[PDB]
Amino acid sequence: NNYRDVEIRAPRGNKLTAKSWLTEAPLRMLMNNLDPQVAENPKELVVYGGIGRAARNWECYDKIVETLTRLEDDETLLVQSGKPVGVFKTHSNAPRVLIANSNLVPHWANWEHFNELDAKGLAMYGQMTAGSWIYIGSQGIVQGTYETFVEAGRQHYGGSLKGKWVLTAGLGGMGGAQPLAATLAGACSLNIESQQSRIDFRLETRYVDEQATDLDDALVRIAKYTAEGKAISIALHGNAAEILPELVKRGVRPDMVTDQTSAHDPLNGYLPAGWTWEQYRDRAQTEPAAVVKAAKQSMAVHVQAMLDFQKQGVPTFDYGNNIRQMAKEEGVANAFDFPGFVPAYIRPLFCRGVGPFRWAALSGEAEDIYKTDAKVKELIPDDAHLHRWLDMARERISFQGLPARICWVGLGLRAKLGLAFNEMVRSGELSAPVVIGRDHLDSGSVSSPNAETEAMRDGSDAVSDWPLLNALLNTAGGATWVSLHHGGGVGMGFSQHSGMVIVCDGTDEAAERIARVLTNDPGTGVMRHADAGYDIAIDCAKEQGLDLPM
């Protein structure tokens, strides 16, 4: 049903399968989302973050690939929670694919109802980029995690994190980026992961450096390495709900604490203390309500450990998995005494429309991306932080599936880069068309009170009109495929966000769509923060010449 023993990888080269590049792109990106080197559990259509899938089930997967292949340049495919439900006439400048995943009427917006619908074959969790086909392995979130650690270091350790270490958990698709991000930020790290296969995955993709043999050994390495001013990431096989409380008991003092286990989903993404991942998976089907409760009780203990570390003065933050909320519902009243990573460290970037901007080379050529890297340095000649990030990505980020690049940039530069990339496809510099996208985590594409829009200065945390407008505007502007998801990141009920991907096929038509959607997409973000009253966003809006009526 949801299992098929096959290996899927995106077609390479310039030979189309679909009718045009605008339809070949989503077809290749859907497949890239399931590439064995990219996705966590693709045989079950799982890309990342708990049960974030690319298609509802295999029959729907087959139908999506079949429909996408026949889709015309003036037709638009509607994908409803991982299922191709309809094809309607639009035009060549409208999106070829329109996607709405996991959306539920609020009163029924919970995992329990979602699970009920899933059992009836009526649901699919799109996470953020899983159901919208713009996932590129751990590289997708790595720059954001890096920026979060860098900013935390600037705020608490006057700059460099040399000799310092981060304590966290979760080496899944996105969590796996934590160790490399810590390392690139100059810190060592103790990354606790309950599944050996995931630690192996991070090692194979060179995102974590080594694995300790036990807790004491892990601490001996951290002690050695930190004393040496080295930045080495260490994986520790175990349960966060057991280890963090133990380290607190021992008086161990990390330099910064966070967590990235899939706490957003108690049933499938967080292991109860003392359970094996195998007991967890079986019981989840037997006593789901009981599994959920055990998962949340451990989260309570886990967050209480995080609070104790904070009480000791160690910078502590929630990294968007909604674990505080879970802990809080389980009795930990002061669960929100430590902040989310955005209001604490990243919001300033969102005010300038800066976010996880990304692109992938459909050709599959590593050199296509290197060429784009060079072009960006040429287009942004005076940003040493950015040039250093591109260097680090080139030297330390290994490609997963189709070569792709994560490069944080905001309002103004996104379109500059996009038009430039389109010019490179046209001239033949890039061997094949490239797709520009981003995570749904971005300045104007997400409303999530426990993550991206936590503590907005005006109290607008829960207002979700913005992401809806971003998707609508992206559709009007001409992105190649637009999406509207629910619950990505923090789980059912806590978020609404949009996605967009636009194809640079070297044509003049593309350049026309690219100029406006890459101005509008980040523009809605600047707009959204200027509306909230952020001076940085209002200044950016003015400098970029945004037309903000009020």
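From 1 onward, residues are counted along the sequence shown.
Trainee: Per the entry, where is the mean C-alpha temperature factor higher: 139 to 147 or 221 to 229?
Mentor: Of 221 to 229 and 139 to 147, the stretch with the higher C-alpha B-factor average is 221 to 229.
Trainee: 172 to 180 versus 325 to 333: which one carries the higher mean Cα B factor per the record?
Mentor: Looking at the record's C-alpha B-factors, the answer is 325 to 333.
Trainee: Maximum C-alpha temperature factor per the entry, among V252, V446, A451, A241, belongs to which one?
Mentor: The C-alpha B-factor peaks, among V252, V446, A451, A241, at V252.
Trainee: Going by the deposited entry, which of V435, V105, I99, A273 has the highest CA temperature factor?
Mentor: The record points to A273.
Trainee: Which third, lowest, middle or highest, does the C-alpha temperature factor of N520 belong to within its own chain?
Mentor: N520: CA B-factor falls in the lowest third of its chain.
Trainee: Lowest, middle or highest third of the chain for the C-alpha temperature factor of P467?
Mentor: Bottom third by C-alpha B-factor.
Trainee: Determine, from the deposited record, the chain-internal third of the Cα B-factor for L349: lowest, middle or highest.
Mentor: Lowest third - that is where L349 ends up once the chain's C-alpha B-factors are sorted.
Trainee: Using the B-factors in the PDB entry, rank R70's C-alpha atom against the chain and give the third, lowest, middle or highest.
Mentor: Highest third - that is where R70 ends up once the chain's C-alpha B-factors are sorted.
Trainee: Splitting the chain's C-alpha B-factors into thirds, which one does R198 fall into?
Mentor: It belongs to the middle third of the chain when residues are ordered by C-alpha B-factor.
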